[PDB]
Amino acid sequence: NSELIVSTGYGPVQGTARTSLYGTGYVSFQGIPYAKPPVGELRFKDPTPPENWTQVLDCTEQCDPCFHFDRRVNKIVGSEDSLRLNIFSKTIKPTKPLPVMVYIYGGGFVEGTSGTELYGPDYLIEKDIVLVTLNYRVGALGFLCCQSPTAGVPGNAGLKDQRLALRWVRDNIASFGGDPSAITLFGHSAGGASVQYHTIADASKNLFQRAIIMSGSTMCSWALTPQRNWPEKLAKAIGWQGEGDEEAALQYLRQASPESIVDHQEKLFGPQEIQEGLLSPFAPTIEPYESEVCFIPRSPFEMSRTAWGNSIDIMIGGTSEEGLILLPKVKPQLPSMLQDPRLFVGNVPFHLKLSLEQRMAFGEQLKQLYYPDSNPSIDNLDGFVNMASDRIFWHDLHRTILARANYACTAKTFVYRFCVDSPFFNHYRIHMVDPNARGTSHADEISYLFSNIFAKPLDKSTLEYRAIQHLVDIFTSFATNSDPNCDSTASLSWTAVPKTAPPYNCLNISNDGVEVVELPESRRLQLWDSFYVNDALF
C-alpha cells in the first residue's frame, strides 16, 4: 500500500494493486479530481483546478460517473462531483518514463463513463504504457450554452473538462512514471470527435503529441449543434413557468435536480431538428462570445484548416459495418423507411447547396451504388447498413483523411479498418444491435482494446485473442513510436496517407489477420465526395 502512495503537486493519492483477467499484476488510481466540483452556482460553468489537499486521498475504488441515463442498468446514475480521472500501469516505478495514452469515451455527448465495466485496462497494461481514462460532463450539464456574456455559460463545458484533465496529465503524470512529452490522445465515437476537437482547438494546443481518432470526427454533422433557445426549452420541460428570459431559465436550471435535467434533456427536439439529423441539443457548439477559455471560437470546419494538430501524427479508422448502430434506432419504422421512395434522396446531406433536382439525381446514384441488383427490405439490409456507415461515419472520416493529406505538411497519417466478426466477443453488436446480426458494428473494436463486464479470459489460440493482440499492438506501437507498424504487421508495409490521397491504403484487421489494402469503401466514398460540387469538402 505505502508503495502505492504517490506524491503529486496537489497532494498525495493512494492506489491499489490489481490483477488482470489474464493474471497480470498492475496498479490503479481511480477518482483523482482534476477540477473543482461543478456544483451549486458552478453548475454549467467551465471547470477550474481543484483545491490542494494534505491528507492521503483514497483512490483505490472506482468513482461515480457524470450524470446520465446508464442504458446498461436502465437508470439515471452519476454524481455532479465527478470531474475525476484514473491511471493504470503495470508499475508506477518503471525504469524509464513510459508513453501515456489518454482515452476520451463516447456516448453521443449525452452519456458515458470511465468505469472499468466498459473501459478496463487489462489488455492495454500488458504493454509498457500508462493508461489514463477520465470523466467529462455530458448532456445539458456538460453542453448548456447561454448567449449573454454575463451569464457565464458559453458552452462546451464537457470539452473544457477534457481539456483540464489533459492539462492535469501533462503537469502530473511524471509523478506516476509517465512521460509528459509522449502523450497519445485517443477516443471513440463522440470521444473520437472529441479527440479531433482537441487537435483543432488552440485551447488544447500541444497538450499531447499524437492522436488516434476512432469512428467519429469534427467533420460529422452530429459533432456540432446550433443554438435554438435550449435552456428555456429545457427549463420549460422540467416545469419552469416563466418565459422569454434566458438568465431566468438558467437560474431555474441551477435549482433543478440533476435527475430532472437528465430526464428531459433528450425531449426537446422539434420536427426541424429530426430532419437535419441532429443528435442532441446538448453537444459541442460555436461559442457566442470569447471567454477565459474559448474552446470553439468559430466554425470547426475552418478551425481544422489551420489546426495546431496539423503538426502532429494521427492515426484514424473505423469498422466495416459502422451503420449497424442505426438499426435499433429505426427498427420499428424500418419496413416503412426501406419502402419510402425518398430513401436515397434523403441521404444527400441537407446543408449542401443543391437543388431538389440535383438531389434526386444523386439519390439515383446512391441507389445504384448500394442496391444495384436488388431492392431494400428487412431481409436485404446490407446496402442500407453500408449507406448508414458512409453517411454517419466513414465519409467524414474520409474528409478528415483528405484534409490531413492537404494540410499536414510533414506529419504522418495512418488509416486502419477493423472488420473482426466474432459470434460472441463483438459485445456492442450482440448486446445493443441484434443477437443474430453479423459484421463489425460501431463500438465493436472497443471489446478488443478494453476489458469489460462481459469479457472472459480468452483461449490464446482463438481469433478473438489474436485480434486483441493485433489491436493493442497497433495502438500501443503508435503511442511508443509514432508509427503503428509493429511485429503484428511485420511482413507488410503499412504506408501513411500520400499527398495524392483521394485514393489511400489502410491496414485492414480481420478474423484472418492483417493486410494492407486500398480502402474498401473507396468507390462508395467517391460518390459522396461528388455531392460537394458546390461546397467545400475540406
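One rule holds for the numbers: they count along the sequence shown, beginning at 1.
Just going by the entry, 330-338 versus 83-91 on mean CA temperature factor gives the higher value to 330-338.
Relative to one another, 160-168 and 350-358 have unequal mean CA B-factors, and 350-358 is the one with the higher figure. Across 416, 269, 308, 143, the entry's maximum B-factor at the CA atom is seen for 269.
Annotation for 454, 123, 301, 105: 454 ranks highest, by Cα B-factor. Sort the chain's modelled residues by C-alpha temperature factor and residue 408 lands in the middle third, per the entry.
When the modelled residues of the chain are ordered by C-alpha B-factor, residue 421 sits in the middle third. Ranked by C-alpha B-factor against the other modelled residues of its chain, residue 210 falls in the lowest third. Sort the chain's modelled residues by C-alpha temperature factor and residue 374 lands in the highest third, per the entry. Ranked within its chain, residue 216 lands in the lowest third, by CA B factor from the PDB record.
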